[PDB]
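Everything below concerns the one structure shown next.
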Amino acid sequence: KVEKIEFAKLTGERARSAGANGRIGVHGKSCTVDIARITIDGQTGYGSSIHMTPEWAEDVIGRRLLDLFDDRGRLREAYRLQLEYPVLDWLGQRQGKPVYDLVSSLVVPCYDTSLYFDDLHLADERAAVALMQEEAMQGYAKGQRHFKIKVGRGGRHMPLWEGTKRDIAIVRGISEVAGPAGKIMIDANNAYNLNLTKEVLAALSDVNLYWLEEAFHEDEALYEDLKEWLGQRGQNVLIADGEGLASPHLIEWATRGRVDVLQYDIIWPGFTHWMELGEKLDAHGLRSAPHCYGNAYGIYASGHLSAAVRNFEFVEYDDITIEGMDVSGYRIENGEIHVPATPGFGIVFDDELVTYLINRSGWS
Amino acid sequence: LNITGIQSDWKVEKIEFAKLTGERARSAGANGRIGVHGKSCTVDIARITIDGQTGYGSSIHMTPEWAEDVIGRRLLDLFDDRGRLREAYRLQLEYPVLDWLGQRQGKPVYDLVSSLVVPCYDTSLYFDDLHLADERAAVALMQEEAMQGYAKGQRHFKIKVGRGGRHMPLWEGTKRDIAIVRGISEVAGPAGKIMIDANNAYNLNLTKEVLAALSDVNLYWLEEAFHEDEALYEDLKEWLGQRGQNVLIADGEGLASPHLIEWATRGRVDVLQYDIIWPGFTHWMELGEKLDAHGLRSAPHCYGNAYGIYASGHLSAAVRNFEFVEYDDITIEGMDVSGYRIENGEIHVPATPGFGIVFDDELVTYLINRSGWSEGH
Ligand SMILES: [Mg+2]
Ligand SMILES: [Mg+2]
Ligand SMILES: [Mg+2]
Ligand SMILES: [Mg+2]
């Protein structure tokens with residue numbers, strides 16, 4: 001039986017302040033994670049929690065844990081967003097198993113997602129390249145080998161042609177810092193159209209472009225055309241899409257071969273959702289790369305999830321430090337994240353700090 | 001609607017389905033995102049029989065098996081406690097049913113839901129110039145197309161732009177967009193409201209470039225510059241304000257953002273363009289009232305379905321901030337729309353029963369029996 005439910009926001013910081021992206025402004029350095037602490041049968045479990053009010057909590061207390069689940073042992077829709085993470089943790093805690101085992105040493109590819117438009121104050125290309133190269137080198141030093149570069153400078157934040165030229169310079173530049181083995185992804189946050197996309201792609205013929213992410217809002221006809229154009233020129237770049245307010249027909253479009261990599265968020269729709277979705281995508285030969293940005297907890301959940309998903313691509317990694325949330329069990333090495341074999345999600349929350357924050361700025 | 005006159009005795013006796021075919025006056029070319037649209041048109045139509053009387057209208061998402069389950073239900077059963085057509089029946093039967101009510105009461109639909117004269121615009125200016133290498137030849141052709149509309153009474157024009165997104169190189173395509181828009185503006189004169197529709201082929205900066213290049217022109221609205229985004233539209237609106245450039249932002253056709261109306265109430269989007277067939281007429285009656293309550297404008301999308309033009313006309317009586325009927329000149333066999341006429345940029349809607357469209361009973365019977373289907377007796 002669910003006995004108690006506690007809630008708290010935890011705070012910390014990104015290792016380096018994130019600049020603008022193709023569509024909006026500076027993302028900054030401050031980070032937060034909403035967490036719930038559940039208690040079932042005397043033992044506590046921790047995890048990401050969203051869409052949960054004290055009123056909502058009131059109406060769950062006393063419900064049999066068994067009642068939270070589906071026939072197929074799949075946490076029920078109504079509970080996922082608010083409790084799927086604390087529950088999974090609590091399960092792992094009780095059975096002393098890591099969630100990836102509950103859902104099956106674990107080693108997962110990851111990439112550095114922290115390369116935003118950090119060069120907008122610079123008139124000189126070389127200064128801008130050196131700056132972005134240096135940011136990439138910073139990730140390399142921490143064990144990153146793969147890099148997702150924000151592009152679309154010309155969409156909103158710089159003049160069109162100038163920003164596009166700058167996009168192409170930064171990506172090449174970073175291509176050189178990374179090495180031949182380094183996978184480069186580019187993410188335009190919808191700031192291109194099809195012909196801009198082709199211009200940028202053609203200019204990057206020599207670069208180890210692994211995938212193109214959100215070039216423009218997903219469109220079956222445009223992506224069909226783009227895949228053909230790419231095929232005709234022998235340029236091997238995957239089409240990635242799916243974060244945010246996605247087209248309701250996106251999965252369908254992927255099954256027809258217009259999109260290769262699906263990027264639904266690791267918190268919304270979340271973990272339980274991704275497990276079922278992951279199965280569907282494997283069956284179609286489609287790839288899974290759960291989006292994660294703005295929530296540090298998501299990085300580590302994505303890690304565990306790869307166990308449940310054959311065609312899992314990468315963990316999306318942003319170097320973040322949240323007070324009270326010990327993630328030292330995880331290590332970055334050679335373009336991969338090593339998930340600890342410890343109980344639950346392998347994350348060690350400081351019970352005292354959380355208890356304080358629960359009283360001060362949360363509820364129970 | 002006033003449903004007090006409906007007798008409990010009145011039942012759905014028969015539902016029949018046919019596809020009507022026809023042609024637009026001029027073949028439509030590509031738009032910013034896809035290829036040639038062509039000249040061929042169709043309209044899926046149902047004929048419903050209730051209490052021995054028939055009504056006709058657009059019908060989608062209806063199978064024989066669906067209709068089989070409606071036969072024998074009372075007309076009253078199709079309505080809410082609020083006198084609203086139930087959601088489950090709207091796409092399949094709202095048009096046949098509204099037409100029927102009009103036939104029974106001897107009233108046009110606009111009277112049921114309230115000489116009706118509604119602004120319209122000519123939507124037929126597609127990328128018809130893509131075979132012309134020369135910009136001057138392209139401008140001349142597009143002007144010619146606008147004047148064909150003008151000769152038939154159109155005064156306001158919606159111009160497809162976004163040539164550089166896919167079909168032409170980016171820079172050349174955008175130069176061409178601008179020249180085309182100026183050219184048509186010239187032809188339409190000061191009274192002409194000019195609309196531009198990018199079909200999502202621009203980004204924010206391309207949009208700004210085009211708008212600045214067209215500061216001169218009488219631009220009434222900018223439609224689907226890029227896929228709706230609150231942040232980008234907030235920026236665009238503020239940018240237009242500083243320039244004193246009075247152009248409305250229009251969006252909402254196709255698979256729209258679920259938050260679009262929310263963004264509109266916060267002032268990022270001015271004109272809402274949900275389609276006249278899906279989500280449909282009943283939906284629009286309720287939505288229009290909501291948009292009016294927020295001081296927002298309604299311009300139901302209609303393209304690919306001629307029937308929707310006439311529906312849009314009658315809907316206008318139910319919506320205070322109704323902008324325009326989106327007009328495409330189409331002839332559908334067996335669908336007599338001669339009660340309607342275009343004069344001085346307005347569509348005149350007939351005061352005749354139902355939607356005022358006279359279907360060829362015999363032709364429709366033939367199509368129903370040859371290629372369509374029938375349920376009931
Ligand atoms: Mg992205
Ligand atoms: Mg997308
Ligand atoms: Mg449109
Ligand atoms: Mg739109």
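Residue names in the structure tokens use chain letters A, B, ... in the order shown, residue numbers from 1 in each chain, and ligand numbers from 1 in the order shown.
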Closest atom pairs, residues of chain A within 6 Å of ligand 2, only C-alpha atoms and all ligand atoms, as a tab-separated table:
```
residue	atom	partner	partner_atom_place_in_ligand_line	distance
A:214	CA	ligand 2	1 (Mg)	5.0
A:217	CA	ligand 2	1 (Mg)	4.8
A:218	CA	ligand 2	1 (Mg)	5.0
A:241	CA	ligand 2	1 (Mg)	4.9
A:242	CA	ligand 2	1 (Mg)	4.9
A:243	CA	ligand 2	1 (Mg)	5.7
A:246	CA	ligand 2	1 (Mg)	5.5
```
Save the residues we just selected, N, CA and C atoms, as a PDB file, in the first residue's frame?
```
ATOM      1  N   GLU A 214      15.129  18.043 -36.149  1.00  0.00           N
ATOM      2  CA  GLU A 214      14.205  19.164 -36.286  1.00  0.00           C
ATOM      3  C   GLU A 214      14.731  20.269 -37.209  1.00  0.00           C
ATOM      4  N   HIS A 217       9.544  21.997 -38.934  1.00  0.00           N
ATOM      5  CA  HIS A 217       8.497  21.208 -38.302  1.00  0.00           C
ATOM      6  C   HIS A 217       8.187  19.988 -39.170  1.00  0.00           C
ATOM      7  N   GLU A 218       8.089  18.825 -38.533  1.00  0.00           N
ATOM      8  CA  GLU A 218       7.954  17.565 -39.267  1.00  0.00           C
ATOM      9  C   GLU A 218       6.849  17.608 -40.317  1.00  0.00           C
ATOM     10  N   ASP A 241      13.384  13.436 -35.231  1.00  0.00           N
ATOM     11  CA  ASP A 241      12.331  14.392 -34.869  1.00  0.00           C
ATOM     12  C   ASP A 241      11.484  13.820 -33.736  1.00  0.00           C
ATOM     13  N   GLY A 242      10.645  14.655 -33.127  1.00  0.00           N
ATOM     14  CA  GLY A 242       9.660  14.149 -32.192  1.00  0.00           C
ATOM     15  C   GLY A 242       9.529  14.825 -30.847  1.00  0.00           C
ATOM     16  N   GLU A 243      10.423  15.746 -30.516  1.00  0.00           N
ATOM     17  CA  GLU A 243      10.281  16.444 -29.241  1.00  0.00           C
ATOM     18  C   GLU A 243       9.149  17.483 -29.293  1.00  0.00           C
ATOM     19  N   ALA A 246       4.609  17.393 -31.017  1.00  0.00           N
ATOM     20  CA  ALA A 246       4.880  16.637 -32.245  1.00  0.00           C
ATOM     21  C   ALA A 246       3.629  16.451 -33.082  1.00  0.00           C
TER      22      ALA A 246
END
```
Check: Once you count only C-alpha atoms and all ligand atoms, which residues end up within 7 Å of ligand 3, and could you hand them over as a PyMOL selection string?
Finding: chain B and resi 197+199+223-224+253
Could you please take those selected residues and save C-alpha atoms as an mmCIF file, in the first residue's frame?
```cif
data_model
loop_
_atom_site.group_PDB
_atom_site.id
_atom_site.type_symbol
_atom_site.label_atom_id
_atom_site.label_comp_id
_atom_site.auth_asym_id
_atom_site.auth_seq_id
_atom_site.Cartn_x
_atom_site.Cartn_y
_atom_site.Cartn_z
ATOM 1 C CA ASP B 197 0.161 32.102 -47.731
ATOM 2 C CA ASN B 199 2.377 26.982 -46.481
ATOM 3 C CA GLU B 223 -0.959 32.946 -43.427
ATOM 4 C CA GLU B 224 1.184 30.006 -42.245
ATOM 5 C CA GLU B 253 -5.470 24.786 -41.005
#
```
Next item on the list: Return as a PyMOL selection string the residues belonging to chain A that are within 6 Å of chain B, counting only C-alpha atoms.
Entry: chain A and resi 155-156+191+193-195
Next item on the list: From the DSSP assignment of the backbone, select every residue of stretch 16-129 of chain A that is strand (DSSP E), and format the answer as a count of residues only.
Entry: 32
Test item: residues at most 7 Å from stretch 340-354 of chain B, only C-alpha atoms, excluding those fewer than 2 positions along its chain, as a PDB file with N, CA, C and O atoms, in the first residue's frame:
```
ATOM      1  N   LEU B  98     -28.502  19.645 -41.421  1.00  0.00           N
ATOM      2  CA  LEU B  98     -28.831  21.068 -41.523  1.00  0.00           C
ATOM      3  C   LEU B  98     -29.580  21.400 -42.812  1.00  0.00           C
ATOM      4  O   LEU B  98     -30.522  22.198 -42.797  1.00  0.00           O
ATOM      5  N   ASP B  99     -29.152  20.818 -43.930  1.00  0.00           N
ATOM      6  CA  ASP B  99     -29.882  21.015 -45.166  1.00  0.00           C
ATOM      7  C   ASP B  99     -31.332  20.550 -44.978  1.00  0.00           C
ATOM      8  O   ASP B  99     -32.257  21.286 -45.329  1.00  0.00           O
ATOM      9  N   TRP B 100     -31.519  19.358 -44.400  1.00  0.00           N
ATOM     10  CA  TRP B 100     -32.860  18.803 -44.172  1.00  0.00           C
ATOM     11  C   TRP B 100     -33.759  19.749 -43.351  1.00  0.00           C
ATOM     12  O   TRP B 100     -34.901  19.995 -43.716  1.00  0.00           O
ATOM     13  N   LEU B 101     -33.222  20.277 -42.257  1.00  0.00           N
ATOM     14  CA  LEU B 101     -33.968  21.182 -41.382  1.00  0.00           C
ATOM     15  C   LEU B 101     -34.436  22.386 -42.172  1.00  0.00           C
ATOM     16  O   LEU B 101     -35.557  22.857 -42.006  1.00  0.00           O
ATOM     17  N   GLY B 102     -33.551  22.885 -43.029  1.00  0.00           N
ATOM     18  CA  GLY B 102     -33.854  24.007 -43.896  1.00  0.00           C
ATOM     19  C   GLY B 102     -34.936  23.676 -44.908  1.00  0.00           C
ATOM     20  O   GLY B 102     -35.803  24.508 -45.179  1.00  0.00           O
ATOM     21  N   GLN B 103     -34.881  22.477 -45.479  1.00  0.00           N
ATOM     22  CA  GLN B 103     -35.895  22.046 -46.445  1.00  0.00           C
ATOM     23  C   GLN B 103     -37.249  21.947 -45.724  1.00  0.00           C
ATOM     24  O   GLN B 103     -38.263  22.433 -46.225  1.00  0.00           O
ATOM     25  N   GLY B 106     -38.415  25.429 -44.700  1.00  0.00           N
ATOM     26  CA  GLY B 106     -38.396  26.396 -45.787  1.00  0.00           C
ATOM     27  C   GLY B 106     -37.570  27.619 -45.426  1.00  0.00           C
ATOM     28  O   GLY B 106     -37.981  28.757 -45.662  1.00  0.00           O
ATOM     29  N   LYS B 107     -36.394  27.381 -44.848  1.00  0.00           N
ATOM     30  CA  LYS B 107     -35.510  28.444 -44.401  1.00  0.00           C
ATOM     31  C   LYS B 107     -34.086  28.127 -44.834  1.00  0.00           C
ATOM     32  O   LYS B 107     -33.675  26.961 -44.812  1.00  0.00           O
ATOM     33  N   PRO B 108     -33.315  29.155 -45.209  1.00  0.00           N
ATOM     34  CA  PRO B 108     -31.883  28.919 -45.426  1.00  0.00           C
ATOM     35  C   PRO B 108     -31.176  28.649 -44.094  1.00  0.00           C
ATOM     36  O   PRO B 108     -31.651  29.068 -43.022  1.00  0.00           O
ATOM     37  N   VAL B 109     -30.068  27.916 -44.163  1.00  0.00           N
ATOM     38  CA  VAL B 109     -29.357  27.517 -42.958  1.00  0.00           C
ATOM     39  C   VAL B 109     -28.933  28.754 -42.144  1.00  0.00           C
ATOM     40  O   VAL B 109     -29.022  28.758 -40.913  1.00  0.00           O
ATOM     41  N   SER B 115     -31.050  39.942 -47.325  1.00  0.00           N
ATOM     42  CA  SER B 115     -30.127  39.229 -48.214  1.00  0.00           C
ATOM     43  C   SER B 115     -28.727  39.083 -47.598  1.00  0.00           C
ATOM     44  O   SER B 115     -28.093  40.080 -47.219  1.00  0.00           O
ATOM     45  N   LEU B 116     -28.250  37.842 -47.505  1.00  0.00           N
ATOM     46  CA  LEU B 116     -26.948  37.570 -46.902  1.00  0.00           C
ATOM     47  C   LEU B 116     -25.800  37.759 -47.898  1.00  0.00           C
ATOM     48  O   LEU B 116     -25.701  37.053 -48.908  1.00  0.00           O
ATOM     49  N   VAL B 117     -24.934  38.721 -47.607  1.00  0.00           N
ATOM     50  CA  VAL B 117     -23.811  39.008 -48.487  1.00  0.00           C
ATOM     51  C   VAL B 117     -22.537  38.983 -47.667  1.00  0.00           C
ATOM     52  O   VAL B 117     -22.413  39.702 -46.672  1.00  0.00           O
ATOM     53  N   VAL B 118     -21.604  38.131 -48.079  1.00  0.00           N
ATOM     54  CA  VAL B 118     -20.414  37.829 -47.292  1.00  0.00           C
ATOM     55  C   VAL B 118     -19.143  38.086 -48.090  1.00  0.00           C
ATOM     56  O   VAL B 118     -19.043  37.686 -49.263  1.00  0.00           O
ATOM     57  N   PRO B 119     -18.152  38.756 -47.475  1.00  0.00           N
ATOM     58  CA  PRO B 119     -16.887  38.955 -48.182  1.00  0.00           C
ATOM     59  C   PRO B 119     -16.258  37.625 -48.592  1.00  0.00           C
ATOM     60  O   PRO B 119     -16.349  36.638 -47.858  1.00  0.00           O
ATOM     61  N   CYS B 120     -15.631  37.604 -49.762  1.00  0.00           N
ATOM     62  CA  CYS B 120     -14.892  36.435 -50.206  1.00  0.00           C
ATOM     63  C   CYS B 120     -13.543  36.828 -50.805  1.00  0.00           C
ATOM     64  O   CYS B 120     -13.319  37.982 -51.185  1.00  0.00           O
ATOM     65  N   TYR B 121     -12.631  35.875 -50.878  1.00  0.00           N
ATOM     66  CA  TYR B 121     -11.381  36.095 -51.592  1.00  0.00           C
ATOM     67  C   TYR B 121     -11.088  34.938 -52.540  1.00  0.00           C
ATOM     68  O   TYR B 121     -11.529  33.800 -52.327  1.00  0.00           O
ATOM     69  N   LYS B 152     -14.607  37.797 -62.869  1.00  0.00           N
ATOM     70  CA  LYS B 152     -15.710  37.029 -62.313  1.00  0.00           C
ATOM     71  C   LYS B 152     -16.200  37.590 -60.981  1.00  0.00           C
ATOM     72  O   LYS B 152     -17.005  36.956 -60.288  1.00  0.00           O
ATOM     73  N   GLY B 153     -15.715  38.787 -60.638  1.00  0.00           N
ATOM     74  CA  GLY B 153     -16.222  39.522 -59.497  1.00  0.00           C
ATOM     75  C   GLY B 153     -15.353  39.521 -58.248  1.00  0.00           C
ATOM     76  O   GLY B 153     -15.746  40.086 -57.240  1.00  0.00           O
ATOM     77  N   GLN B 154     -14.199  38.865 -58.298  1.00  0.00           N
ATOM     78  CA  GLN B 154     -13.309  38.814 -57.142  1.00  0.00           C
ATOM     79  C   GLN B 154     -12.580  40.146 -57.012  1.00  0.00           C
ATOM     80  O   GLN B 154     -12.198  40.747 -58.019  1.00  0.00           O
ATOM     81  N   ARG B 155     -12.379  40.603 -55.781  1.00  0.00           N
ATOM     82  CA  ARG B 155     -11.648  41.848 -55.539  1.00  0.00           C
ATOM     83  C   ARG B 155     -10.487  41.642 -54.569  1.00  0.00           C
ATOM     84  O   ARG B 155      -9.566  42.448 -54.508  1.00  0.00           O
ATOM     85  N   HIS B 156     -10.537  40.546 -53.818  1.00  0.00           N
ATOM     86  CA  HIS B 156      -9.507  40.213 -52.840  1.00  0.00           C
ATOM     87  C   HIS B 156      -8.848  38.878 -53.195  1.00  0.00           C
ATOM     88  O   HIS B 156      -9.508  37.952 -53.683  1.00  0.00           O
ATOM     89  N   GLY B 313     -20.317  30.431 -46.281  1.00  0.00           N
ATOM     90  CA  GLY B 313     -21.241  31.548 -46.441  1.00  0.00           C
ATOM     91  C   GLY B 313     -22.335  31.552 -45.381  1.00  0.00           C
ATOM     92  O   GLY B 313     -22.576  32.573 -44.746  1.00  0.00           O
ATOM     93  N   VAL B 337     -25.040  25.431 -58.017  1.00  0.00           N
ATOM     94  CA  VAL B 337     -24.766  26.498 -57.064  1.00  0.00           C
ATOM     95  C   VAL B 337     -25.126  27.869 -57.635  1.00  0.00           C
ATOM     96  O   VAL B 337     -24.674  28.910 -57.132  1.00  0.00           O
ATOM     97  N   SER B 338     -25.969  27.880 -58.668  1.00  0.00           N
ATOM     98  CA  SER B 338     -26.304  29.142 -59.333  1.00  0.00           C
ATOM     99  C   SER B 338     -27.139  30.125 -58.489  1.00  0.00           C
ATOM    100  O   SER B 338     -27.296  31.280 -58.868  1.00  0.00           O
ATOM    101  N   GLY B 356     -29.290  26.004 -49.994  1.00  0.00           N
ATOM    102  CA  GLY B 356     -29.555  26.675 -51.262  1.00  0.00           C
ATOM    103  C   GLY B 356     -28.841  26.063 -52.463  1.00  0.00           C
ATOM    104  O   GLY B 356     -28.763  26.673 -53.526  1.00  0.00           O
TER     105      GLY B 356
END
```
Check: Of the candidates B:180, B:56, B:188, B:276, which one gets nearest to residue B:151 if we count only C-alpha atoms?
Finding: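 Using only C-alpha atoms, residue B:151 sits closest to B:188.
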So that each row is one residue of chain A with an atom at most 12 Å from ligand 1, can you give its shortest atom pair and the distance in Å to one decimal, using only C-alpha atoms and all ligand atoms, rows by chain and rising number, as JSON lines?
```
{"residue": "A:21", "atom": "CA", "partner": "ligand 1", "partner_atom_place_in_ligand_line": "1 (Mg)", "distance": 9.4}
{"residue": "A:22", "atom": "CA", "partner": "ligand 1", "partner_atom_place_in_ligand_line": "1 (Mg)", "distance": 10.0}
{"residue": "A:23", "atom": "CA", "partner": "ligand 1", "partner_atom_place_in_ligand_line": "1 (Mg)", "distance": 10.9}
{"residue": "A:113", "atom": "CA", "partner": "ligand 1", "partner_atom_place_in_ligand_line": "1 (Mg)", "distance": 9.0}
{"residue": "A:114", "atom": "CA", "partner": "ligand 1", "partner_atom_place_in_ligand_line": "1 (Mg)", "distance": 11.2}
{"residue": "A:115", "atom": "CA", "partner": "ligand 1", "partner_atom_place_in_ligand_line": "1 (Mg)", "distance": 11.6}
{"residue": "A:116", "atom": "CA", "partner": "ligand 1", "partner_atom_place_in_ligand_line": "1 (Mg)", "distance": 11.0}
{"residue": "A:148", "atom": "CA", "partner": "ligand 1", "partner_atom_place_in_ligand_line": "1 (Mg)", "distance": 9.0}
{"residue": "A:149", "atom": "CA", "partner": "ligand 1", "partner_atom_place_in_ligand_line": "1 (Mg)", "distance": 9.8}
{"residue": "A:150", "atom": "CA", "partner": "ligand 1", "partner_atom_place_in_ligand_line": "1 (Mg)", "distance": 8.3}
{"residue": "A:151", "atom": "CA", "partner": "ligand 1", "partner_atom_place_in_ligand_line": "1 (Mg)", "distance": 10.3}
{"residue": "A:152", "atom": "CA", "partner": "ligand 1", "partner_atom_place_in_ligand_line": "1 (Mg)", "distance": 11.7}
{"residue": "A:185", "atom": "CA", "partner": "ligand 1", "partner_atom_place_in_ligand_line": "1 (Mg)", "distance": 10.0}
{"residue": "A:186", "atom": "CA", "partner": "ligand 1", "partner_atom_place_in_ligand_line": "1 (Mg)", "distance": 8.7}
{"residue": "A:187", "atom": "CA", "partner": "ligand 1", "partner_atom_place_in_ligand_line": "1 (Mg)", "distance": 5.5}
{"residue": "A:188", "atom": "CA", "partner": "ligand 1", "partner_atom_place_in_ligand_line": "1 (Mg)", "distance": 7.4}
{"residue": "A:189", "atom": "CA", "partner": "ligand 1", "partner_atom_place_in_ligand_line": "1 (Mg)", "distance": 5.8}
{"residue": "A:190", "atom": "CA", "partner": "ligand 1", "partner_atom_place_in_ligand_line": "1 (Mg)", "distance": 8.7}
{"residue": "A:191", "atom": "CA", "partner": "ligand 1", "partner_atom_place_in_ligand_line": "1 (Mg)", "distance": 11.2}
{"residue": "A:211", "atom": "CA", "partner": "ligand 1", "partner_atom_place_in_ligand_line": "1 (Mg)", "distance": 11.1}
{"residue": "A:212", "atom": "CA", "partner": "ligand 1", "partner_atom_place_in_ligand_line": "1 (Mg)", "distance": 9.5}
{"residue": "A:213", "atom": "CA", "partner": "ligand 1", "partner_atom_place_in_ligand_line": "1 (Mg)", "distance": 6.0}
{"residue": "A:214", "atom": "CA", "partner": "ligand 1", "partner_atom_place_in_ligand_line": "1 (Mg)", "distance": 6.2}
{"residue": "A:215", "atom": "CA", "partner": "ligand 1", "partner_atom_place_in_ligand_line": "1 (Mg)", "distance": 9.3}
{"residue": "A:216", "atom": "CA", "partner": "ligand 1", "partner_atom_place_in_ligand_line": "1 (Mg)", "distance": 10.8}
{"residue": "A:217", "atom": "CA", "partner": "ligand 1", "partner_atom_place_in_ligand_line": "1 (Mg)", "distance": 11.2}
{"residue": "A:239", "atom": "CA", "partner": "ligand 1", "partner_atom_place_in_ligand_line": "1 (Mg)", "distance": 11.7}
{"residue": "A:240", "atom": "CA", "partner": "ligand 1", "partner_atom_place_in_ligand_line": "1 (Mg)", "distance": 8.6}
{"residue": "A:241", "atom": "CA", "partner": "ligand 1", "partner_atom_place_in_ligand_line": "1 (Mg)", "distance": 7.5}
{"residue": "A:242", "atom": "CA", "partner": "ligand 1", "partner_atom_place_in_ligand_line": "1 (Mg)", "distance": 8.3}
{"residue": "A:243", "atom": "CA", "partner": "ligand 1", "partner_atom_place_in_ligand_line": "1 (Mg)", "distance": 6.5}
{"residue": "A:244", "atom": "CA", "partner": "ligand 1", "partner_atom_place_in_ligand_line": "1 (Mg)", "distance": 8.6}
{"residue": "A:245", "atom": "CA", "partner": "ligand 1", "partner_atom_place_in_ligand_line": "1 (Mg)", "distance": 11.8}
{"residue": "A:246", "atom": "CA", "partner": "ligand 1", "partner_atom_place_in_ligand_line": "1 (Mg)", "distance": 11.6}
{"residue": "A:261", "atom": "CA", "partner": "ligand 1", "partner_atom_place_in_ligand_line": "1 (Mg)", "distance": 11.6}
{"residue": "A:262", "atom": "CA", "partner": "ligand 1", "partner_atom_place_in_ligand_line": "1 (Mg)", "distance": 10.9}
{"residue": "A:263", "atom": "CA", "partner": "ligand 1", "partner_atom_place_in_ligand_line": "1 (Mg)", "distance": 8.1}
{"residue": "A:264", "atom": "CA", "partner": "ligand 1", "partner_atom_place_in_ligand_line": "1 (Mg)", "distance": 10.1}
{"residue": "A:265", "atom": "CA", "partner": "ligand 1", "partner_atom_place_in_ligand_line": "1 (Mg)", "distance": 10.1}
{"residue": "A:289", "atom": "CA", "partner": "ligand 1", "partner_atom_place_in_ligand_line": "1 (Mg)", "distance": 10.6}
{"residue": "A:290", "atom": "CA", "partner": "ligand 1", "partner_atom_place_in_ligand_line": "1 (Mg)", "distance": 10.2}
{"residue": "A:291", "atom": "CA", "partner": "ligand 1", "partner_atom_place_in_ligand_line": "1 (Mg)", "distance": 7.1}
{"residue": "A:292", "atom": "CA", "partner": "ligand 1", "partner_atom_place_in_ligand_line": "1 (Mg)", "distance": 8.8}
{"residue": "A:293", "atom": "CA", "partner": "ligand 1", "partner_atom_place_in_ligand_line": "1 (Mg)", "distance": 8.5}
{"residue": "A:294", "atom": "CA", "partner": "ligand 1", "partner_atom_place_in_ligand_line": "1 (Mg)", "distance": 11.7}
{"residue": "A:316", "atom": "CA", "partner": "ligand 1", "partner_atom_place_in_ligand_line": "1 (Mg)", "distance": 9.8}
```
Next item on the list: Check the smallest atom-to-atom distance from each of A:336, A:219, A:118, A:71 to ligand 4 using only C-alpha atoms and all ligand atoms, then report the winner.
Entry: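 Answer, going by the shortest atom-to-atom distance: A:219.
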